[PDB]
Amino acid sequence: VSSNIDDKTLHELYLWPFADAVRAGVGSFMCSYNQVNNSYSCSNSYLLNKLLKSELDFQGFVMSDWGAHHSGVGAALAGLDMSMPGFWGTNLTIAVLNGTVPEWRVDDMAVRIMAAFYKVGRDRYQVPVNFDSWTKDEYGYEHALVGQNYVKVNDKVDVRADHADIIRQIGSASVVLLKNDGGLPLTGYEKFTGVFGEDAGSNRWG
Amino acid sequence: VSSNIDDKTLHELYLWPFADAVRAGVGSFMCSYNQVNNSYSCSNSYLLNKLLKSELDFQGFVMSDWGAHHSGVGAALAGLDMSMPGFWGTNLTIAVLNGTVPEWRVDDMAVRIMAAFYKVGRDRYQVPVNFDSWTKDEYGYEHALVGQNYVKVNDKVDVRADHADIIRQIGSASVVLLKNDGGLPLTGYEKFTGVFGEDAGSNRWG
Amino acid sequence: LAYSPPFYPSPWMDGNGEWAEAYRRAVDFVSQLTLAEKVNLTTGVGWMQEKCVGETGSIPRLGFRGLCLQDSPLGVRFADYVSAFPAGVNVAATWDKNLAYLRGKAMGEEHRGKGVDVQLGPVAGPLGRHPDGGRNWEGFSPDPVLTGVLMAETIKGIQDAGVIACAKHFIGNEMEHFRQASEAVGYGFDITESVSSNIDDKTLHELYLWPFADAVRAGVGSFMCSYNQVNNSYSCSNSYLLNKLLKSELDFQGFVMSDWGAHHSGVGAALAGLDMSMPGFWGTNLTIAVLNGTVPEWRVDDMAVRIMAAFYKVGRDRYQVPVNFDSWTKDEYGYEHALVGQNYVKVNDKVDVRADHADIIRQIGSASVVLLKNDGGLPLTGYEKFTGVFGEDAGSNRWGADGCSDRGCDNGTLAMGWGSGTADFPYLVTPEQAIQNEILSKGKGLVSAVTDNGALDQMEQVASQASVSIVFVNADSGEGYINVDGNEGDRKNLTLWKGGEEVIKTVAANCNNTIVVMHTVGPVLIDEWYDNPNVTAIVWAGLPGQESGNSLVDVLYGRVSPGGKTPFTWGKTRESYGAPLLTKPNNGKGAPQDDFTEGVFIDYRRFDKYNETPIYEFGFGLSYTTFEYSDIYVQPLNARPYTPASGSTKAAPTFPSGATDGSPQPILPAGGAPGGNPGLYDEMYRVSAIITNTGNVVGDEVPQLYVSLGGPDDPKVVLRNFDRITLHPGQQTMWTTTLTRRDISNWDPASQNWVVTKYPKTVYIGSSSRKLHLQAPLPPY
Ligand SMILES: OC[C@H]1NC[C@H](O)[C@@H](O)[C@@H]1O
Ligand SMILES: OC[C@H]1NC[C@H](O)[C@@H](O)[C@@H]1O
Ligand SMILES: OC[C@H]1NC[C@H](O)[C@@H](O)[C@@H]1O
Ligand SMILES: [Mg+2]
Ligand SMILES: [Mg+2]
Ligand SMILES: [Mg+2]
Ligand SMILES: [Mg+2]
Ligand SMILES: [Mg+2]
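Protein chains in written order, with the deposited numbering: chain A, 217 to 302, 312 to 431; chain C, 217 to 302, 312 to 431; chain B, 23 to 302, 312 to 686, 736 to 861.
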């Protein structure tokens, strides 16, 4: 689908919060699956080169949404910096050697990515990836140069800390009271409390 | 169905705990729906007159199970004292006036019932029946001499007191550990607890 | 509270006219009986104690077995190897006296073959006060004339076959709610007495009583009094109802039985006109009452002779055979207690009584189809390139045709409502089966049946490809002891069941040639879809019994032109019909009070009074051809002036004020013979019109005669006559009928008689209650 949005509407509505994101120092952007004015976001030069990287002067890197369509090497020239989830590598290398993509573009892609990395201090805070997205298993086989290895893929590192507190707090803070004709608050000393609706209960599948 | 039980089996098995009940001073018995040796319990003279009221020397009163079959007024002669849930009334009266049921028998029925009443001190502890079995509604219509009354049928008297404690305690005391190869007890500091089965969950109907 | 005045004594039989011979034979029999034997005839044997739904005591001394009383109005209930006939409402939709008669004959034959003495049917009560009344489908029509006529024909059919028929339920059992206290308690209501139908004298006479008068005059052997009260007296001990209306004014010569466990004043019921207690304490109390003089000898003698007169009237002496089935098991053998030990006996002989009755069932099925809409949709050819069949109502009951107790479910195609008014299907031909057979025997186009109402994706898919889409929807109801999906007998709404409306909408969105077939116990609200231009045809097929699929396709594919007319109104809203069911007790713990305040204004009378336009009016139905009406003519017949009945009864023979008076009694002015004063049936006018088939195929028309009685409180029009006529293309016929005195009269409470009022009367002949093509005055004389 092509989202057909006029310049004024973009600026006064949809672009506005993204401007805030840039000014807040966000390290990366993700260009969307859809087209804008019949150009895919991830190879839309007006969107990425003009609005994001000129007007809003974004200094970080732009990645594609996962398999978001773009004009390959053309996307790089239109302001894309990173292709996800991943041909691009080969074509980009070839494009630089043959002059279709300038050396300063690939240099800019690399430096934007590394700038984001250094900006938040990944050099300090980086630890090995200690979980696996695709299994909960502790161990899994992996292909080697010779045969296979059996490697630890999940360390079960408990990062929850005391975060249950802020979750409970934001829960309470996000409750919106829309009507109250003497119903709330309750005391806990009511003689008989009825609770109704599946939305009160458990997911029976866990 | 007729439960066909010989004299020895009755005495050494089924009758034994009922003898204990008699000796514990229980005020009433309920005769069963089934037959014993092809005589309904509630008009079984061997059962009521001999075993219960002679051998075990029960002093209290025998009621029928609800609509338990018996030979009408013949049941009173065989040791029945109270017919539940309720013909019997008018037939029994006629039986006394006829001389087919002795005066001393109906007198014994009444005195057995009142003896139980006094034994446990109902004269001191009786209060109005403050609930209704057939509705949770607070009020209901009732027929009067003239027209109807709308009467309070449920007072919602909370009698639970602290009984939740003994219920919890008996729950815990009634747990039987049949196997334990290092499984129990748990600590509550287990890293991941899985709970499985509908028997763990709620009645979704309340 | 409404009050029912007493009427005593309880009239004894006359045994005149068509009852003379039965009376003589009855007297000859009862003269030989002891008091105990007489009382036995009046006493049910107890619930489920023998083979039949009910049985009387026997008289072994004379080799006379107990009577076998068996449901239902549409077949033999419980027994195996029987037929499942279309429901009464289908019979109403035929508007066909001949078919009504033949169905009665076939039913009576099946009962006879099983050894049944009394068929517990047919039904004129409920008449159909409410569109959502649970048991209306067992009856015929809210119209008293349509019901009365077809009631009479059904009765004659049954009794000509050699079985006693039973007119039920008398009277005012117009809904299931609160019919019995125990049943209401079961549904969470707190009442100790049944609802009271509060009906005034005029309303009774001009509406609810009318079809029962026809039943009496048709020679019906028995009556069943209802569970409800009328003006705060239980029907079965309501002396005004039984002694005055039924046995004096209507001069009923047969016997009255109670409905099963219907409340009455015991011995007092006998004095108030009850003759037989079902399912049966009554016996010993009645004996005691005779011996101690509270019940006169003549009353019990009359009870006995009324029962035996019915027996002899239909020739039970000739046609009785042993009861060769068992209601309570399909087992071949079973045990019965003897004086000593037990006997092992045959209980089911598996007597196949079906004969050729599948034919009449298929025919009545087709004749009861009402074409409500047709914008070039029908008939089909069977050479369509792709036929889609949609809706659970097209498919099979996955539990088997008889998989639901007393049909107490809405599984698959609806061919029968639920409750006592049932019979077991020997088989059931579904629309799915019949339509597939039609295609594969002709053009062999594509055909698919999506019979899960939730499978809307598939319905879109298939309907998108179809040349024609045939959509099936239903709505069910029944007796109050069965609750299906919150419908406690009565319908909780007039919606199509199981998301049927959504099925129609989904299919119609994808196919511009959508046919809708409705299998409903009564009207449903169709306002949202009937006028959809993608819906090219609409039919109502009702409850067609075992041959449903076949009888339908006969009409859909043009072998039979539809000729049915709707026997009730299709309105825009529930409110169109009038006030809701009384479904909330309004007298505390006492008898709910149900006031029939609308009077005679039910169904089309109501719509007409308030100038509301029905979607489909009473008496409306389309054809594959067209008809024209012309040349109405009224001939006055100069009948003898009406003479009120007078004179006395005989003294009560032997073989509350007035309850024991066996002295000669005065004849009521509107009484004097079965069905009322015979002067009521004098023909006053002959009315004629010409019907022409102006179309291209043979078809049936149902011309209808309506009368404006002309008073301020009278309906604009009331149906008075009808016929079903077959006409070839171009063929004309003169339709000639007569109007009786009763047809042009009003009940006058003051004089207790029927009166022809001063207001000018108009007669109409047309094709529906609203399509009144012809009219003429009824000139007074
Ligand atoms: O899962 C990765 C990626 N999938 C596609 C989603 O649009 C995006 O929000 C997400 O981050
Ligand atoms: O509900 C009353 C009564 N019903 C019958 C049961 O057998 C008995 O245990 C119970 O007390
Ligand atoms: O089944 C016997 C009897 N039950 C009660 C019903 O109202 C009646 O129609 C039926 O005949
Ligand atoms: Mg810049
Ligand atoms: Mg003793
Ligand atoms: Mg039996
Ligand atoms: Mg036949
Ligand atoms: Mg008479």
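Even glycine gets a Cβ: it sits at the ideal position worked out from N, Cα and C.
The C-beta of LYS377 (chain C) comes no closer than 9 angstroms to any C-beta of chain A. Taking a beta-carbon distance threshold of 9 angstroms, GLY426 (chain C) counts as an interface residue toward chain A.
Nearest CB-CB separation between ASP380 (chain C) and chain A: not below the 9 angstroms threshold. Runs of the alpha helix (DSSP H) spanning 4 or more residues and lying entirely within the region 487-516 of chain B occur at 487-496, in chain order.
Residue environment analysis places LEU91 (chain B) among the buried positions, since at least 16 neighbouring C-beta atoms fall within 10 angstroms of its C-beta. According to DSSP, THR772 (chain B) shares a beta bridge with B:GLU659 and B:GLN812.
For the region 616-637 of chain B, residues whose beta-carbon sits nearer than 9 angstroms to a beta-carbon of chain C comprise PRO616, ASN618, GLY619, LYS620 and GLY621. At a cut-off of 9 angstroms between C-beta atoms, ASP387 (chain A) does not count as an interface residue with respect to chain C. Any Cβ of chain C closer than 9 angstroms to the Cβ of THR315 (chain B) would place that residue at the interface, and such an atom is absent.
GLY407 (chain C) counts as exposed, since fewer than 16 other C-beta atoms from the protein chains shown sit within 10 angstroms of its C-beta. By the criterion of a C-beta distance shorter than 6 angstroms, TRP313 (chain B) is surrounded in its chain by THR65, once the five residues flanking it on both sides are discounted.
In the DSSP assignment, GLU328 (chain C) falls within the alpha helix (DSSP H) that extends over 328-344. The Cβ of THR214 (chain B) sits closer than 9 angstroms to at least one Cβ of chain C.
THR551 (chain B): member of the beta strand (DSSP E) spanning 545-551, first to last residue.
As the crow flies, the alpha-carbon of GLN251 (chain A) is around 8 angstroms from that of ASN260 (chain A).
Within the same chain, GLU77, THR78, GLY79 and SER80 come within 6 angstroms of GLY88 (chain B) by CB-CB distance, once the 5 residues on both sides are set aside. Not one heavy atom of ligand 1 falls within 8 angstroms of the beta-carbon of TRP359 (chain A). Residues of chain B whose Cβ lies closer than 9 angstroms to the Cβ of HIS368 (chain C) are, in chain order, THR214, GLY619, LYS620 and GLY621. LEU267 (chain B) and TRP827 (chain B) have their C-alpha atoms roughly 13 angstroms apart.
A straight-line Cα-Cα distance of about 27 angstroms links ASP794 (chain B) and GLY595 (chain B).
Cβ proximity to chain A below 8 angstroms picks out nothing from the region 222-246 of chain C. Contact between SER94 (chain B) and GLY452 (chain B) holds: CB atoms are separated by about 5 angstroms, below the 8 angstroms threshold. About 5 angstroms separates the CB atoms of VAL242 (chain B) and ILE177 (chain B); that is less than 8 angstroms, so the two are in contact.
Counting of Cβ neighbours within 10 angstroms places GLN275 (chain B) among the buried residues, the total reaching 16 or more.
The secondary-structure analysis by DSSP pairs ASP297 (chain A) with nothing; it has no beta-bridge partner.
Under the three-state reduction of DSSP output, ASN253 (chain B) falls in the coil class, being neither helix nor strand.
Nearest Cα to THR628 (chain B) within the set B:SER219, B:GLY170, B:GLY68 and B:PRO31: B:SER219. By the beta-carbon neighbour count (other beta carbons within 10 angstroms, threshold 16), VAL352 (chain B) is exposed.
In terms of Cα proximity to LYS603 (chain B), the closest of B:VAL354, B:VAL384 and B:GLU648 is B:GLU648.
If you measure from each CB to the nearest heavy atom of ligand 1, the residues under 7 angstroms come out as A:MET246, A:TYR249, A:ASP281 and A:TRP282.
Interface flag for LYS344 (chain C) against chain A is unset, since no Cβ pair is found closer than 9 angstroms.
Between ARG821 (chain B) and the set B:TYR765, B:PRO564, B:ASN158 and B:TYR364, the nearest pair of CA atoms involves B:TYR765. Shown here, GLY39 (chain B) sits in a helix according to DSSP, grouped into three states. Not a single heavy atom of ligand 7 lies less than 8 angstroms from the C-beta of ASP182 (chain B). Annotation for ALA44 (chain B): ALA340, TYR343 and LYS344 place their beta carbon closer than 6 angstroms to its own, counting only its chain and skipping 5 residues before and after.
In this chain, the beta strand (DSSP E) harbouring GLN92 (chain B) covers 90-92.
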